[PDB]
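This report concerns only the one structure given below.
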Amino acid sequence: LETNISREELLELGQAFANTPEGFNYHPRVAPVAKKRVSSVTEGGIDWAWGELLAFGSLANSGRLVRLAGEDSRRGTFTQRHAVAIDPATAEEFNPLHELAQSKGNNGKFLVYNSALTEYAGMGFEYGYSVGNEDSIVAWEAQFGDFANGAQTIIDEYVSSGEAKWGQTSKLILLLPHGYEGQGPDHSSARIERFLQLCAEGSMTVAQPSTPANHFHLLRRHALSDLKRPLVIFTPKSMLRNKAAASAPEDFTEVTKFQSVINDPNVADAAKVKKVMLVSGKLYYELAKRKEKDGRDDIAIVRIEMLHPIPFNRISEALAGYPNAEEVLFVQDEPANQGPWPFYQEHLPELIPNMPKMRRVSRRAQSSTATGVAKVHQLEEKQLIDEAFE
Amino acid sequence: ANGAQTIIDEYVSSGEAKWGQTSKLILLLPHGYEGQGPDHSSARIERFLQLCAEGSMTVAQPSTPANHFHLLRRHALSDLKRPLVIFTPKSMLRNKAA
Amino acid sequence: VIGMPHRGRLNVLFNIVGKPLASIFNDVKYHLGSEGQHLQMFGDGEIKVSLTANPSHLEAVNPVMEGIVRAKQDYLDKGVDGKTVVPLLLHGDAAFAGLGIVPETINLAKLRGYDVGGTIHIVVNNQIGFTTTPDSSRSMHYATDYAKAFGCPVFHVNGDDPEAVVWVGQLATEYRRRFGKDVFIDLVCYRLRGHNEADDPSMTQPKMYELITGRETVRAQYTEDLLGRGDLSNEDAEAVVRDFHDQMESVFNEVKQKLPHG
Amino acid sequence: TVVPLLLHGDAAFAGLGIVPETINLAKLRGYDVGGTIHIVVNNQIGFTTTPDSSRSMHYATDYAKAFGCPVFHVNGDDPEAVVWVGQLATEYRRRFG
Ligand SMILES: Cc1ncc(C[n+]2csc(CCOP(=O)(O)OP(=O)(O)O)c2C)c(N)n1
Ligand SMILES: Cc1ncc(C[n+]2csc(CCOP(=O)(O)OP(=O)(O)O)c2C)c(N)n1
Ligand SMILES: [Mg+2]
Ligand SMILES: [Mg+2]
């Protein structure tokens, strides 16, 4: 299945943020975001929020009903989405991607709502939407993935187990912000370990993409396929505005499929690498920065974009490309009893028998998810990257 | 008990590490695979053991009434101010060999 | 015993619980618990004041705080006419109406093993929740409408009239001691700044923030109101302002587990 | 034109917080469905627990007064009165949403 969009369709989507209705003007802090969306589709520098909206928008143009709901989801928790803009003078609302979809002639819709302060009812409502209309694309977003434990009954009893129990399928998308940035125990972990503990028989797809274009292709592959199973995506916070994370337009128009594993872009000679680091998420960019600063041509950093199912064939192909590798390190921000390490330490060695013994590099095991002191977090992050390289 | 996940994650399993606040709460959670279905079989042991680190809480599944007696009494008469999670039985309540 | 979220927590620690400035300042502080004492200026009564620890998950402290109160009441053991540990529980308007744990905990108020003589609820109703307005937060007329389900009274009071606010506080505490039931105070106020540091609240709510930006504070408005009606003299009004600057100057420079072996 | 008919038990309706948390979505823009017809099979017991230990509300259905909605308590041993209440409740939902 090819998930790329035409160059013409990409420019049309970008031009929707310029087709403002008669007598409508943006708020001056939202105006440069809209202006960058029109420039990005030819120049590049496409951020996470725009990569995600390019996917929801393209699907609505084909004729689908796209529904996105969550706390403060119109503007976005991190002031990044602006799917609905408001004129400060008249309080008039504008939804550019919905209007473009309605003008294509296939009755496509892009519906974005601000939910009430609820997780149990909120998520439950969106799971129900997916069951009442198989052909809709539905996404529930949490303020922070840490608050999804207040909807545990819906995760355990419907989303992760519905097909096995009753033969009832769903295509619900869970957008759960996750990332260790020093914001405390309730603003750092979406509990990846818990979601991977509920996975078996390919029950649901779990992913942590690192580039806006890969998130675009993941959402589009899920929507255009007949694999009627949920999609759990661990979305970023600081990586939303990282300049090294942005994508070029060719990543949406020339790149045809979603990538399970992304090989290292900065490798001069593959025969000289001796260490191989496996990582997943925003931590890649920090590790890559350190590799350039120190000039380490003996290390290779490979990203695992899809966590479940385990893309063991693509990981095997990547490790085969470095024939003089002596050790394989699994590097993550999360504590030793959390994150994707517990799942991968059990299953990856049995799926790739010739791979060397994996060595963990992470934060120490903890009762809580993360420290409450920001200075302690920065010290732990330095210790983590130092341990990986030495 | 998954309808009380916020209390398990944010208070019982993490309170001492986060704020230095201790508790000696006993959770009595019936568990056992006896054929009563998906909502009458597992207390999700794997989830409780995923939250354990630094001896945060004591987790046990006793097999004899006397051992359950000694576990409850050791917890109460000790100065180890940490929670106790016990996976209690259903059919084993009336097994003559137990 | 107080249960509350982050908004105004350090203010409550200094002016209500009575902790010294040096102890407060040495986001961890925004989740810890504390203890203090309250003496009355016009009386000879004393009362202990406690603050309970809580996570960032809003309203999760509600059942925990009630349980803390019941344990302290059982240890004193004063019977049916006792119930001398008062639960003072603070909420936000979006969280009070939206999260189900709020009415689930209030359902325990009259039950045999959970009764604590009633809870005083204060909803800081600033008519906003991050970027969400009440039209998308609740299907209830007022935020505090779960009170009508439990047969409890509600007092909606204007946050810019401090005389009416202190009266409601007294009446609600008098009602709790006489009837032993929950009481709900809806403090109708506003939120002056955005939800976080990097947020322009006029981006999403421009019309509401036309009325908020550049208005007199509750302190300044009340001083000017008393001086206008003749309730404060010109000389007496100048002293209140000098006292406000004195309180600021003083606060600003306030720098000077083992196993049972055997 | 799709009517939600939701059945509950008296102990569960009063006790579990998801009940009023879901009813709070009834008038919201992205969640409105024209009203829900709720039936509480109030058999005045919940396993071995009586209403005196199940709720601090006079009636099991008292979350209705929070949302400004009408309540009809009907005697389950008078089937004429039960069918009348069913009709009136469905007529009220179509007229007021
Ligand atoms: C259970 C839970 N869900 C979501 C959040 C995210 N969150 C933090 S503040 C906030 C809005 C709070 O609104 P309101 O209750 O009116 O409080 P205010 O900030 O206006 O005092 C939200 C949704 C949270 N902290 N806890
Ligand atoms: C969330 C949840 N908690 C607990 C139970 C256990 N349980 C099963 S039936 C029951 C009592 C139900 O009482 P009521 O709602 O009055 O229903 P009735 O059986 O009287 O129709 C309980 C507690 C459950 N099934 N679900
Ligand atoms: Mg508010
Ligand atoms: Mg019943």
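Chains as they are written, first to last, in full-length UniProt numbering: chain A, 831 to 1220; chain B, 978 to 1075; chain C, 538 to 563, 579 to 808, 825 to 830; chain D, 636 to 732. Heads up, the beta-carbon is just placed ideally off N, CA and C, and yes, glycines get one too.
query = Can you tell me the Cα-Cα spacing of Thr999/B and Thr872/A, whole angstroms?
reply = 58 Å
Going by beta-carbon coordinates alone, are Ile658/C and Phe707/C separated by less than 7 Å? no
**Message:** Would you say the beta carbon of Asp667/C is closer than 6 Å to some non-hydrogen atom of ligand 3?
**Reply:** no
Point to revise | Cβ contact check for the region 1009 to 1025 of chain B and the region 644 to 655 of chain C: 3 or more pairs under 8 Å | key: no
Is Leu1070/A helix, strand or coil when you go by DSSP?
helix
Taking a cut of 7 Å between CB atoms, which residues from the region 680 to 709 of chain C lie near chain D? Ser688, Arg690, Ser691, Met692, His693, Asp697, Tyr698, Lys700, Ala701, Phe702, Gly703
key: Chain-order list of residues whose beta-carbon lies under 6 Å from that of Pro1007/A (same chain, five-residue window excluded)   = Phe974, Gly975, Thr1065, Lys1067
- Message: Counting beta carbon pairs with one atom in the region 1160 to 1170 of chain A and one in the region 1191 to 1202 of chain A, are three or more of them shorter than 8 Å?
- Response: yes
Worksheet item: Secondary structure at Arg1059/A, three-state DSSP: helix, strand or coil?
Response: coil
Exercise for the section: Output the distance between the C-alpha atoms of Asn849/A and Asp917/A, rounded to the nearest integer angstrom. Expected result: 15 Å
In chain B, which residues lie with their C-beta within 7 Å of the C-beta of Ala605/C? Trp996, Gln998
For ligand 1, is there any heavy atom lying closer than 6 Å to the beta carbon of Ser608/C? yes
Should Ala946/A be flagged as near chain D, meaning a C-beta pair shorter than 7 Å?
yes
### Query
Is there at least one Cβ from chain B nearer than 7 Å to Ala647/C's Cβ?
no
Worksheet item: With respect to 6 Å, is the separation between the Cβ of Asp798/C and the closest non-hydrogen atom of ligand 1 below this value?
Response: no
Notebook entry, point to check: Of all Cβ atoms in chain C, is any one closer than 7 Å to the Cβ of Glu656/D?
Noted result: yes
Check: Considering only residues of the same chain and omitting the five flanking positions on each side of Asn1154/A, which have a CB-CB separation below 8 Å?
Finding: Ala1101, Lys1102, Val1103, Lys1104
Q) Can you name the start and end residues of the alpha helix (DSSP H) that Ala879/A belongs to? A) 878 to 892
Near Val668/C, which residues of its chain fall below 8 Å by C-beta distance, leaving aside the five closest residues on each side in sequence? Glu618, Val621, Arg622, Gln625, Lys635, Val637, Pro639, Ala661
Margin query: Comparing C-alpha positions only, which one of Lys581/C, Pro758/C, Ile653/C, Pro686/C sits nearest to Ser945/A?
Written below: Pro686/C
How about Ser1077/A and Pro1042/A: are their beta carbons less than 7 Å apart? yes
Measure the C-alpha to C-alpha separation of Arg1189/A and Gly670/C and round it to an integer number of angstroms.
56 Å
Open item on the list: Strictly by DSSP, which residues pair up with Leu941/A?
Closed with: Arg897/A
query = Roughly how many angstroms lie between the CA atoms of residue 800/A and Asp1016/A, to the nearest whole one?
reply = Any property of residue 800/A remains undetermined from this structure, which presents chain A solely from 831 to 1220.
*Using a Cβ-Cβ distance under 7 Å, would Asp986/A count as near chain B?*
yes
- Could you name the residues of the same chain whose beta carbon sits closer than 6 Å to that of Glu587/C, not counting the 5 residues immediately before and after it, in chain order? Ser602
Tell me where the beta strand (DSSP E) around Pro1039/B begins and ends.
From DSSP, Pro1039/B is part of no beta strand (DSSP E); its letter is neither H nor E.
- Item | Under 7 Å from the C-beta of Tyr950/A: neighbouring residues of chain C | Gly652
Could you tell me the alpha carbon to alpha carbon distance between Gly935/A and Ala913/A, rounded to whole angstroms?
21 Å
- Query: Just the Cα atoms here: how many angstroms apart are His673/C and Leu840/A?
  - Reply: 53 Å
Worksheet item: Are the C-beta atoms of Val860/A and some chain F residue less than 7 Å apart?
Response: Of the protein chains in the structure, A, B, C and D, none is chain F.
Would you mind stating whether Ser1018/A and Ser990/A have Cβ atoms separated by less than 7 Å?
no
(message) Runs of 4 residues minimum, wholly inside the region 611 to 698 of chain C: which ones carry the alpha helix (DSSP H) assignment?
(response) 613 to 628, 645 to 650, 653 to 658
- Task: Would you kindly check if the distance between the Cβ of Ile1129/A and the Cβ of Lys1121/A is under 7 Å?
- Result: yes
Indicate, with yes or no, if ligand 1 has a heavy atom lying under 6 Å from the CB of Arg544/C. yes
Can you find at least 3 beta carbon pairs, one from the region 1112 to 1126 of chain A and one from the region 1042 to 1056 of chain A, that sit closer than 8 Å? no
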